[PDB]
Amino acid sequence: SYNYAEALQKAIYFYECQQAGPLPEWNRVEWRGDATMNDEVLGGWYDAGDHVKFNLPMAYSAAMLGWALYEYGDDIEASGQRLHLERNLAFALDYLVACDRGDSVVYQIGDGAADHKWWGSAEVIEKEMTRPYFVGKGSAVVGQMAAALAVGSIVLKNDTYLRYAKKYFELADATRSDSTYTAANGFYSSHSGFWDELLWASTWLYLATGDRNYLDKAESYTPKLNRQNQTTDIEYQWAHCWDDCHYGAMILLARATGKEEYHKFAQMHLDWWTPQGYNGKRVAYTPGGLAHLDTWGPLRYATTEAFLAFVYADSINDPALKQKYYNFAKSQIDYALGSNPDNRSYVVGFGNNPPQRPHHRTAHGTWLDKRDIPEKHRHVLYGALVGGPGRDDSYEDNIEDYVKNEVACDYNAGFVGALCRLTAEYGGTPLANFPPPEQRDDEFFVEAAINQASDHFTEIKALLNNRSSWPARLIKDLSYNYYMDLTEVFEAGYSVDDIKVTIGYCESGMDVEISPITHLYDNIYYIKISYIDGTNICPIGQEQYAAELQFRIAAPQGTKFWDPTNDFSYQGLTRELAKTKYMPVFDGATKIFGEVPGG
């Protein structure tokens, strides 16, 4: 119905957009550079359109990418995406290993409230704030980390991942408490508790090792799972998700053990998701056919359930059940890709009329801590599955809609597995030239205005701008030149010593020097304005993105010869601030913007 291979290609590339520093050599995202290099644990993924590393959803996302490979890795080699998926997974798993602290782990980098208060690109956040880390031994977060590493060890044939999966599982299982998991409260609180994580982790360890001790542990956790309302059934009326993976664990155990209790659960749970429901109970559905679990990330939940349904349907033989679950799964993926009342993709950069304003700071590329400027995103967040429509299929592509236009690691994770299943079956050709280069705008440049003109002087207001975005970046050795023609000075009988440079305003905190008037060639002279620590010009807010200087170049009071109309840098200037190419900008000795006289 769609080119699922292209969808898969893009959905994987999304994770490269999320990578924290240092970026791997193979990162394909021209607008991403090393970021948050002062973090206590390097690498891994930023969670959403923010810059926090939240280990619970991060590890969940990795576990799901691992599961995608575990089921379908061989079957996707034709799409050309297997190597891409594998190394993207390994990047996250390396971070999980790097979190080890022995009897505890680093479980978060960044403070949610502080991070979310600021809107700007990953590469410049250390200029705005200093990022904390958090250490603990929460059974849910540590258990999820163990599960991700366990499946990772299988699909990446990696003994180190298995060693760490065991370490973390032993810690989570010994601790049996979420009390030291607090830094993510209100963002990724542990809602369901930790027994589902221990189940999920022990299940994957059994699949990794064949050690029955893990299967005994797994089966021991099932009576501890939450019940459905006040009944005796295990809870089934929700989705497999970052908080609760018992759903997927029960499916894996149905297949691994063949035991009827797991099959009964899988069928009850999946039936509740399908249009026919489970004995009169059913997830809410939009009229447009999307199973709609909650206001937040409905596409995330539906596409994750599609992956579970595909895996379960593939694992059973009953034709009616297989067709029912397969049709459900495909219907949810197809909705996300464009089979909906608006006929539009909900995957950024894919398909017909995709979202163009995802709630994502670094893809947006602002310079002034605002969402509304720039009015269009500077970058394409290819592959990102957005939150999606409301319960009535309604949606508007709006950066301010932090629900419907949310994007996140966990939104993409199950989605990737489902796309693997569909590419396996239908094939499709990935895009050969992907990703294509972006149109860039000017990043470092001066805006200038004539602040005052007189018959004996020129006074310039000049703002040296850093609106970098490909990638956002800091340049220390910034300078710009203002060129003049002093022919009229010499003709009137005066010299360079008779021309005085003064300053009328220099912005606080911007260490600056102005050169003496310097000969270029002939009667062409210039001053250089140098910012000694240009990294303080940075796209982090209204005050920081440009440094303002007002400078005056003056012949003696009373003289009548001063003529700025032949001065190179005066060309086109008005009384209103405007970008000018005639006051070129330099990084050290290298010109990075503008033009020079002759030259």
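Sequential numbering from 1, following the sequence displayed.
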Item to check | Which of 523-531 and 84-92 has higher mean CA B factor, as the PDB entry lists it | outcome: 523-531
Checklist entry - As stated in the PDB record, which stretch has the larger average Cα B-factor, 433-441 or 360-368? => result 433-441
Checklist entry - Out of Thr304, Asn405, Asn466, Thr175, which one has a C-alpha B factor higher than all the others in the entry? => result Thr175
Checklist entry - At the C-alpha atoms, which of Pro275, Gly351, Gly387, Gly428 reaches the highest B-factor in this entry? => result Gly428
Next on the checklist: Lowest, middle or highest third: which one holds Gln550 when the chain's residues are ordered by CA B-factor from the entry?
Outcome noted: lowest
Next on the checklist: Based on the deposited C-alpha B factors for this chain, I'd like to know if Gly44 is in the lowest, middle or highest third.
Outcome noted: lowest
Checklist outcome for this item: Of the three thirds of Cα B-factor ranks in this chain, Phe169 occupies the highest
Checklist outcome for this item: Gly120: CA temperature factor from the record, placed by chain third, in the lowest
Checklist entry - So where's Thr160 on the chain's Cα temperature factor ranking, which third? => result highest
